[PDB]
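>>> Coordinates for the following, if possible.
(6 chains, ligands or ions: 6)
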Amino acid sequence: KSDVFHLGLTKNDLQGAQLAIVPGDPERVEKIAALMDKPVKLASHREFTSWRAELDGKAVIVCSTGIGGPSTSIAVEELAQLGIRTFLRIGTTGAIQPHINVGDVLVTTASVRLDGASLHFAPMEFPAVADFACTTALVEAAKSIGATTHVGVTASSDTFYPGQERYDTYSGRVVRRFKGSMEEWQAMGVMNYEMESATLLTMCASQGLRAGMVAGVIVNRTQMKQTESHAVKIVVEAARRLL
Amino acid sequence: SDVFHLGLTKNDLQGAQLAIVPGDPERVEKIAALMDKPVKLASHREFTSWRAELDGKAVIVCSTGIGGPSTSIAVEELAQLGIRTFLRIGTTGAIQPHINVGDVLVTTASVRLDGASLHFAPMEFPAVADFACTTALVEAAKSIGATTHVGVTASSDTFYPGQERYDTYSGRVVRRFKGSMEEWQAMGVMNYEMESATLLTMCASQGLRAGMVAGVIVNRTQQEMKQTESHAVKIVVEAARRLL
Amino acid sequence: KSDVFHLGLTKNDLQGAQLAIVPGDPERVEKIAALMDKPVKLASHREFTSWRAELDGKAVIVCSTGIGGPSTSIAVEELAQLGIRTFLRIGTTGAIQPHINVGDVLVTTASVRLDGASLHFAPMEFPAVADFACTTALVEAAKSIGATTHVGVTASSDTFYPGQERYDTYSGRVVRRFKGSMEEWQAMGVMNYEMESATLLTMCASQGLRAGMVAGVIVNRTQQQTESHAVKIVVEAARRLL
Amino acid sequence: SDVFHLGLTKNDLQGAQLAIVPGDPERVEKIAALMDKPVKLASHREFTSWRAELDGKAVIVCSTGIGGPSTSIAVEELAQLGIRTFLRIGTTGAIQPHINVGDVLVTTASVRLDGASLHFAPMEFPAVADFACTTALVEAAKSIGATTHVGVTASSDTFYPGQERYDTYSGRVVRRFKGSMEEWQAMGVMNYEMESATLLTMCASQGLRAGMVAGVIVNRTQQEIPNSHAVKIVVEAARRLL
Amino acid sequence: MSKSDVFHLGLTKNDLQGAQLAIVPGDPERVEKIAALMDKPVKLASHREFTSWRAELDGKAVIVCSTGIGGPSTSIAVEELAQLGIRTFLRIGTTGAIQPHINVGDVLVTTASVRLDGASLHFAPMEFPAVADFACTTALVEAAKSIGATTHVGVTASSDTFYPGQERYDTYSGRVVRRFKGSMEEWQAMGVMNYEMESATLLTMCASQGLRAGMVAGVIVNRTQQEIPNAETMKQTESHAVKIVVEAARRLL
Amino acid sequence: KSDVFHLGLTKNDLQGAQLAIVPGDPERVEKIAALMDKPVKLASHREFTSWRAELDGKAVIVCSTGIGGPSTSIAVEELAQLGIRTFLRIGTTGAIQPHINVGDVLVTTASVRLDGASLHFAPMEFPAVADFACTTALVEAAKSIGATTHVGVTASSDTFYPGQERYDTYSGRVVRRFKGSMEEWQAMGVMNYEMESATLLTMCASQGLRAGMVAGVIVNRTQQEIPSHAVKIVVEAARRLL
Ligand SMILES: O=c1ccn([C@@H]2O[C@H](CO)[C@@H](O)[C@H]2O)c(=O)[nH]1
Ligand SMILES: O=c1ccn([C@@H]2O[C@H](CO)[C@@H](O)[C@H]2O)c(=O)[nH]1
Ligand SMILES: O=c1ccn([C@@H]2O[C@H](CO)[C@@H](O)[C@H]2O)c(=O)[nH]1
Ligand SMILES: O=c1ccn([C@@H]2O[C@H](CO)[C@@H](O)[C@H]2O)c(=O)[nH]1
Ligand SMILES: O=c1ccn([C@@H]2O[C@H](CO)[C@@H](O)[C@H]2O)c(=O)[nH]1
Ligand SMILES: O=c1ccn([C@@H]2O[C@H](CO)[C@@H](O)[C@H]2O)c(=O)[nH]1
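Numbering: from 1, shown residues only, chains lettered A, B, ... in the order given. Ligands and ions are numbered 1, 2, ... in the order given. Right below this line is the structure:
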């Protein structure tokens, strides 16, 4: 019956929904919809698990993207085909600034495009910027639930290891492009490393789709469980102010 | 004198943390005179600088001139003097059919069709405006009830070929920029201007807060009145109040 | 508990294994593992389901990579941390050549790097090339079972849609870089489109690891059972690389 | 007015086909005053224009302002008005230990460290001055007896990080320009400035003739920021191109 | 056009006698020596850096044609031979190894090249792999076993210069442009076997046009070792790699 | 026997020479050298044929470079090692402008860098500019010999065929980068295609060596695609720089 190639979903399945909360982990999908009205599992294929929920009478989608830009770009595109116009990304991130602690919540304004997929939508010249209303909603909801929040630039990498300048690896080597890259992003005022924002933000911003980015700090490079739900409450509360 | 170009000493600013930065040296005094105690400080090359006061706190109005290069001088030297927040007011060319001459555009981030931005950060780095500054600008525009569009701006190092203008001497647009206007349109870019990429990049990569606002003087879907200038000017000053 | 951050595995779970068949789909793991002796499930986290099996009394690994180079870079890296030196990828592909049909088996010599993750291991000048022994084992395993095989260059994209030049999408546009791209890879003799080989092949070739790639054709682009043949080939290839 | 920025008509030129183009608008009058019948034409933004007469021929003096963009406006609009020959006169920073403050530097071609040049020609294309324009400048310099150095000039879109200045607000320079001055120096580049790349590229690729000449005001092997032979040369050079 | 189907090489389709394989050395002087390992070799033409000979291998006609040093002259040779009817190109060259484990006199077979050249970009963008044909590489590896050489199979760095691109400081200048500064070490860590000057162009332009191409080279110097080989640095290193390229060609006719 | 690796020459062989005429054809070395006094053959190895000659009783070298940058970069570097500080290239060229004719002499000020070897000396931003004194003598020699001479930009390709947008080729196809590039170079006022100037000028300008570039038009590309003044000019130009 499916409308799209990967998600295994019809336009009818969205039930009029126009906004989607897009977490990375399939196992975090249900936990998010649970904070909303009438949650029901829609479909689960590959790393794309999807649920439908309700927020103030209007339908919303929660759908996982998986790790990295490519997988994300499949999800966002197919959700867009289905009718979704607003994308809210929740995820996890590693802070590169000393003042940001494990537990702090990060709202991304724009991202450093250290990926490949963004270039398949707009040339490097193009800014991987978030939607203004989405970011506003993400911050005003963050201030409203009493979260220690930092708003700024994120480094978005195609690799977990070398692109985020991790040295404790099989080779122990980091390619020239990324040698001392973290020290540079730090100096530029970049808050954090994650893997999906550059793709999400570029492909939405260059296709009239609205996207926001929020993430909870798991590790701090320079240096628990209640940490996560803050970003989960925020990404759900922000959704209400966007419907 | 403390800085090489602006001819300003730290004292001339006297505590000022924010600077409204127009393009035209002639547009400077006109903006400074919407605030309290407007005093001319210096004037050298294309950099004309005035000091005004806003709610009892000192503010700088300083022209950047045309292009990223001269912007990179004015900004750098104002930053040396203690300015931490920049609000650029400018003129702009709309490339979207729904944006009319007279409107106000608040730039979230800029398409880096320049060279100067690369001297601060590689191309991967976004040319994004400071969040607080964008908010101030948008809310200032909301209050005075101006027609406002918030989105992406194409920031070129040239007025003509980089903005795909053909009524030129050569009538030629180099491959890179041939058909590029139709491309920016499809991507949801609102406008062309010539400074934002440089300003927004050099600020977001050095801890400086920057905002971008511009009045639409032309719509590119048509060709290549006066309430346009003063509307964006009222906004940039109103936003300034809120970042002091 | 675990010697690696993502896979949820220890060196012990591998039992001395040095070869990993690396499929895309987690669902494909058990199937591939079941063509071998003593197949056992190891772990399953995110997009990485891992099984261990045996061939001629040698420990073999089957571990999924998910979609795209990013997650592929995680699996390969963490398998490298646990002892794997030979990586055989099996996947699915859309053939861009007119005379490569649905059901055909394709062995990748090297890949057109239309990805990001590979640049995190080597500059663009460096070739996304397969190991020769792996490629040899793959082609020879392919010909020994009679499958229609093609040996050549694969275009490896970071997107399923604009990078593989699909216009049949939400916006209907393809970025300038990729507009008319498929028609150019065609004349260059590129066989097919997929999404992982550029990363896999680059990160192995520049890090002293061995990698090979085989894929069954599910789509012919100039236009718009199959599974088990590539699966048989990848196991038969693995057999010849222990 | 026939042009958007300069505020000038073709008639203001009086058949002038040559424009001496300074950076600083406050220096236009001074150049024009060294010629016959100097008449102020217009002043808008950073563009101040004067007509002058030389050997009984109309010659424009019009300022460009700091940087490629502001220059690319002035040149284009002067070219629309009738100017076909462009001589830039400005200030520069020497990067060779043996170039003295006051020396005149003639540029043969420029290191394209700018952005505007790419809006006229791809990076492969040389930012090269016109031969006749360069000759006129060298021959003029040798006739007045100024200490003259002829060679390549690094043309940066910024005054500070692109010219590797460290006495800045942040005190940092981006990776690309970290140790870039030493490289230009080893390659025998004479000096830094901000307009020549743009001028020379946009002219040489549009059938317009351009020469470049500058006065040394600071030596970069000693200071970052400092504590008119150039002017006479650009006028005499113009005299020979009329 | 003094009886020539091509501009540079000075050859006609007839000169080839239906030869579809060409062994392509870099040095015009090496051409006669290589054809001398085959039956009925005859000089065809000699213009510029392109000296060509026809020989017979297991009864079938084969071309030996020099390319000259670098991608530009190689691309001319390959293109013009392809017009004449050549579909398979086997390059036999000399090389400098960069791995400590690769000794002088060793034989190296290239799977693919690091594109430090310019001419390859005239056939495909930088993302396209400078990969050798599978059958050509298979033929060379098997031929190496037949001759009994010490063989390594892997990635080669193909440079457009002999000096700064191969990070040689022993030059008039003594400087190396930022791009190639500390590059050899990086290639070493990336397992690159050797430096040479033609493979990247040959392999790209052949793989991107339906032509089969192989690459074999003999190590005449190791860039990490102190001791540099005697008068016959090439003489019997050539004899190994040349004997292999000819043997590989037998299995591609 | 030899102080250099390729040319087979010793510093003594040059007899104090500091200027070299560098043709691209080893067979044309003798002819060129034959126009001077005391022409002695020195060496022939690979594509590098080197003669010594005397001009106004001052030693001069004629050394072939072969086709392309790589081969040229070796010759120049090794001649430079042996004492040569001035290089004068004399090649054949294909004109891309309608007004330039078969037989016309083309003097290069600077080159469009469509090569790879130049990048081994300077980044792309650095201009491939000829030495001012070298060009001057070449233009002056051009007047002396009396020939239709054009001075300007040259497009310097790493291929005879696709980089010069030729279609009389095996495939009949040209890569995106160069498809429609010839007329693009036309509109930019580029005079001609050749294969060695970008490397020669870049490697000399960025290394403190003097370089000059002259050529004889053998084909006009607006009309077709395939098949001594320049020789005399490059010899007479040498006389002015010894
Ligand atoms: O420092 C970090 C912290 C978290 N992640 C997240 O972890 C996932 C990969 O495990 C990615 O989706 C990414 O969002 C990182 O990549 N880097
Ligand atoms: O279409 C337009 C309209 C206005 N401007 C503005 O006008 C100035 C130069 O004309 C620039 O600083 C820019 O802000 C443009 O660049 N393009
Ligand atoms: O035309 C195709 C056919 C299959 N795939 C494969 O399908 C997976 C995504 O569904 C990717 O990992 C990729 O290997 C493509 O990318 N393109
Ligand atoms: O060291 C120097 C000296 C002068 N200038 C010139 O001075 C003006 C701005 O200071 C610009 O036109 C620029 O070309 C520099 O850029 N760097
Ligand atoms: O260290 C070496 C040894 C040999 N060659 C080869 O020798 C020729 C030039 O000497 C070139 O064709 C090249 O392939 C090198 O480039 N580098
Ligand atoms: O159209 C032409 C004509 C001649 N040449 C010259 O001829 C030689 C190759 O035949 C090269 O040195 C090159 O400079 C070209 O490159 N293109």
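
>>> Residue A:53 should be in a strand, yeah?
Yes - checked against DSSP: H, G, I helix; E, B strand; the rest coil, residue A:53 lies within a strand.

>>> these two touch, right, it and residue A:37?
Yes - Residue A:53 is within contact range of residue A:37, at 6.5 Å (criterion: C-beta atoms under 8 Å). (Each C-beta comes from the backbone N, C-alpha and C, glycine too.)

>>> which one of those two has more residues nearby?
residue A:53 (23 against 13; other C-beta atoms under 10 Å in any protein chain shown).

>>> Report the contact partners of the more buried one.
Shown in contact with residue A:53 (C-beta atoms under 8 Å, 6 or more residues apart in numbering or on different chains): A:32, A:33, A:36, A:37, A:38, A:39, A:40, A:59, A:60, A:61, A:62.

>>> and what of residue A:213?
Here residue A:213 is in contact with A:89, A:91, A:107, A:108, A:111, A:130, A:135, A:138, A:154, A:197, A:200, A:201 (criterion: C-beta under 8 Å, 6+ apart).

>>> same thing but 10 Å
With contacts defined as C-beta atoms under 10 Å, 6 or more residues apart in numbering or on different chains, the neighbours of residue A:213 are A:22, A:87-91, A:93, A:106-111, A:128, A:130-131, A:134-135, A:138, A:154, A:156, A:194, A:196-198, A:200-201, A:235.

>>> And residue A:94, by the same measure?
Residue A:94 neighbours (C-beta under 10 Å, 6+ apart): A:100, A:102, A:155, A:160, A:164, A:166, A:182, A:191-194, A:215, A:217-221.

>>> quick revisit: check the contacts of residue A:213 one by one and keep those near chain C.
Among the contacts of residue A:213, the residues within reach of chain C (C-beta under 10 Å from any C-beta of the partner chain) are A:156, A:196, A:198.

>>> Relative to residue A:15, which of those residues is nearest.
residue A:196 (26.1 Å; C-beta to C-beta).

>>> how many neighbours does the closest one have?
Going by other C-beta under 10 Å, the residues that sit close to residue A:196 add up to 32.

>>> Residue A:226 now?
So residue A:226, with other C-beta under 10 Å, has 8 neighbours.

>>> For the residue nearest to it when sequence neighbours are not counted, which three-state class applies?
Among residues not flanking residue A:226 along the chain, residue A:103 sits closest, at 8.0 Å (C-beta to C-beta, 6 or more residues apart in numbering or on different chains). Three-state call for residue A:103 (three-state DSSP): coil.

>>> What of the one 3 residues further on?
Residue A:106 falls in the strand class when you classify it by three-state DSSP.

>>> sorry, back to before: please indicate which of the contacts of residue A:213 are buried?
A:22, A:87-91, A:93, A:106-111, A:128, A:130-131, A:134-135, A:138, A:154, A:156, A:194, A:196-198, A:200-201, A:235 (16 or more other C-beta atoms under 10 Å in any protein chain shown).

>>> Give me the subset of those residues that lies in strands.
If you go by DSSP state E, these have A:87-91, A:93, A:106-111, A:128, A:154, A:156, A:194 in strands.

>>> Take the contacts of residue A:94 and keep only those in helices.
residue A:182 (DSSP state H).

>>> Restrict the contacts of residue A:94 to those that also contact ligand 5, please.
With the criterion set as C-beta under 6 Å from any ligand atom, no member of the contacts of residue A:94 is near ligand 5.

>>> Could you tell me which of the contacts of residue A:94 belong to strands?
A:155, A:192, A:193, A:194, A:215, A:217, A:218, A:219, A:220.

>>> Filter those residues down to the buried ones.
A:155, A:192, A:193, A:194, A:215, A:217, A:218, A:220.

>>> Could you double-check that the third one lies in contact with residue A:158?
No - at 11.4 Å, residue A:193 does not count as touching residue A:158 under the criterion of C-beta atoms under 10 Å.

>>> picking up where we left off before, name the residues contacting each of residue A:53 and residue A:37.
What both residue A:53 and residue A:37 touch, as defined by C-beta under 10 Å, 6+ apart, is the set A:59, A:60.

>>> And what about residue A:74, helix, strand or coil?
With three-state DSSP as the criterion, residue A:74 reads helix.

>>> wait, what's in contact with it?
A:4-7, A:46-48, A:65-66, A:117, C:67-68, C:159-161, C:195.

>>> and the residue nearest to residue A:226, what is it in contact with?
A:147, A:148, A:216, A:217, A:218, A:220, A:224, A:226, A:227, A:228, A:230.
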